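Have a look at the structure below, then the notes.
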Amino acid sequence: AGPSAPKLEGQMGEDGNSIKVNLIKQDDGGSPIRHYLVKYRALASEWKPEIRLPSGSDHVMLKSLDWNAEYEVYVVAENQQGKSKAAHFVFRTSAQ
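Per UniProt numbering, residue 610 is the first one in the sequence shown, and the count goes up by one each step.
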């Protein structure tokens, strides 16, 4: 039970490996949502030191990743009355 997994919109910075993951909400039940659990990995190493967002954020970010590499970002959310499944955002970095 609980909210539905967030929708992750991808904004890539012209730096080549600067990634902003925007967390769009849709169904929670009056938005009783609490922060996000964000963990991501690349096509080289898995699960990097994950991060927990503030209690009610808008996005999560990662900077200075491997060039010409693929990345997987998994974002879970918490809610007053339980947890909300993980949504998966996938992208690739630019070339150095």
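Ideal Cβ placement from N, Cα and C applies to all residues, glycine included.
| Item | Value |
| --- | --- |
| Segments assigned beta strand (DSSP E), at least 3 residues, entirely inside the segment 610–692 | 616–622, 627–633, 642–651, 668–672 and 679–688 |
| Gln705 versus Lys629 - alpha carbon distance | 19 Å |
| Anticipated Cβ contact below 8 Å, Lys648 with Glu659, distance rounded | 4 Å |
| Integer Cβ distance of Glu679 from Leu652, believed to fall under 8 Å | 4 Å |
| Counted within 10 angstroms of its Cβ, other Cβ atoms place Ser640 as buried (16 or more) or exposed | exposed |
| Exposure label - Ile642; buried when at least 16 CB within 10 Å | buried |
| Same chain only: Cβ atoms within 7 Å of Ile633, ignoring 5 sequence neighbours per side | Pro615, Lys616 and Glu618 |
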